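Single-structure report; data block below.
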Amino acid sequence: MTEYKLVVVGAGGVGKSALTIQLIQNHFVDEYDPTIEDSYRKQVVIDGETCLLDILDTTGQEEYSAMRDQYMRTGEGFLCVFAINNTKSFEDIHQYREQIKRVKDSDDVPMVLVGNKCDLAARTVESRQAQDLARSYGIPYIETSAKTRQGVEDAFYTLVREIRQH
Ligand SMILES: Nc1nc2c(ncn2[C@@H]2O[C@H](COP(=O)(O)OP(=O)(O)NP(=O)(O)O)[C@@H](O)[C@H]2O)c(=O)[nH]1
Ligand SMILES: [Mg+2]
């Protein structure tokens with residue numbers, strides 16, 4: 001069947017795993033559990049199409065920046081995740097976007113900019129400036145909460161549709 005190779009990238013602790021685990025396992029992991037590299041394959045139906053989501057849940061640890069190239073080449077679509085209460089993770093987005101572009105020899109890679117943790121009231125990244133960023137990349141901006149599940153399916157399914165339109 002059609003498979004979509006999705007990759008979730010971003011600074012440590014933004015909720016990359018929490019987002020993936022909500023989507024695949026319908027619950028919120030509220031605990032400390034840094035990722036090395038986890039893969040999730042799940043058969044779903046999206047807009048009537050039987051397909052396989054092949055999701056790579058990556059690490060934010062900057063020491064492994066050199067090992068990102070290999071999985072970025074293979075990924076068809078990318079969630080670039082920051083947390084709306086972590087300004088540094090939003091500044092870090094640019095470095096992820098640029099490495100993906102460099103490694104993919106592409107400046108129109110399927111990609112969604114994801115503002116996660118939108119359940120938290122203590123926001124430090126205004127939605128408008130994240131939206132301004134996504135507009136300058138030419139990609140959708142979606143806010144999510146892995147805790148409440150708000151926007152989660154939206155972010156992943158939009159990414160799949162970005163791949164279908166590429
Ligand atoms: N309130 C709230 N907390 C969240 C949300 N997503 C993740 N968290 C919490 O934030 C922490 C980090 O989440 P995690 O998913 O492990 O982050 P990560 O980006 O995978 N980290 P790593 O890069 O090390 O693998 C955890 O305590 C998690 O429960 C969210 O949407 N809302
Ligand atoms: Mg993780």
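Count residues from 1 along the sequence. Start at 1 and go down the list; that is how both ligands and their atoms are numbered.
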By number and element, which atoms of ligand 1 are closer than 4.0 Å to a non-hydrogen atom of [X]?
X	result
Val29	28 (C), 29 (O)
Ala18	6 (N), 7 (C), 15 (O)
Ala146	6 (N), 30 (C), 31 (O)
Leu120	1 (N)
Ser17	15 (O), 20 (O)
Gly12	23 (O)
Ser145	31 (O)

Which atoms form the tightest heavy-atom contact between [X] and [Y], and what is the distance?
X	Y	value
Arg164	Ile46	NH2-O, 3.0 Å
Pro140	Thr158	CG-CG2, 4.1 Å
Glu76	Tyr4	OE1-CA, 3.5 Å
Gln61	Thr59	N-OG1, 3.1 Å
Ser127	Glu143	OG-OE2, 2.7 Å
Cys51	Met1	C-SD, 3.4 Å

Checklist entry - ligand 1 versus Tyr32, non-hydrogen atoms closer than 4.0 Å: side chain, backbone, both, neither? => result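 Near ligand 1, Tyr32 shows nothing, with every heavy atom at 4.0 Å or more.
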Ligand 1 versus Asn116: contacting region, heavy-atom distance under 4.0 Å
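Side chain only; the backbone of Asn116 stays clear of ligand 1.
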Could you tell me whether [X] and ligand 1 have an N or O pair separated by under 3.5 Å?
X	result
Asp119	yes
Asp33	no
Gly60	yes
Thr35	yes
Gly15	yes

Suppose we measure from [atom] to each protein heavy atom; which comes out shortest, and what is that distance?
atom	value
atom 23 (O) of ligand 1	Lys16 NZ, 2.6 Å
atom 21 (N) of ligand 1	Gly13 N, 3.1 Å
atom 3 (N) of ligand 1	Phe28 CZ, 3.7 Å

*asked:* With clusters defined by side-chain heavy atoms of hydrophobic residues (ILVMFWY) lying less than 4.5 Å apart, directly or transitively, does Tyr137 cluster with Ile100?
replied: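 Cluster IDs for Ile100 and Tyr137 match.
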Please answer: with hydrophobic residues joined when any side-chain heavy atoms are less than 4.5 Å apart, are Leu23 and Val29 in the same cluster?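 Linked within one cluster.
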query = Distance below 2.8 Å from the Mg ion (ligand 2): how many protein N/O/S atoms qualify?
reply =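 Under the 2.8 Å cut-off, the count stands at 2.
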Is there a side-chain contact between [X] and [Y], using heavy atoms and a 4.5 Å cut-off?
X	Y	value
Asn86	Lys117	no
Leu6	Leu53	yes
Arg68	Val9	no

* Asked: For atom 5 (C) of ligand 1, which candidate among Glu31, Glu37, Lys117 provides the closest heavy atom?
  ->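 Shortest heavy-atom distance from atom 5 (C) of ligand 1: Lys117.
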Using distance only, find each side-chain donor-acceptor pair of residues 32-39 under 3.5 Å and give its atom names and separation, not counting sequence neighbours.
{"from": "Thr35", "atom 1": "OG1", "to": "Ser17", "atom 2": "OG", "distance (Å)": "2.6"}

Against [X], only a single residue in [options] fulfils side-chain contact (heavy atoms from CB on, under 4.5 Å); can you say which?
X	options	answer
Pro110	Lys104, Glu162, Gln165, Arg161	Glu162
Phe156	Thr20, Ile24, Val112, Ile142	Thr20
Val8	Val14, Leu56, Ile55, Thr58	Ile55

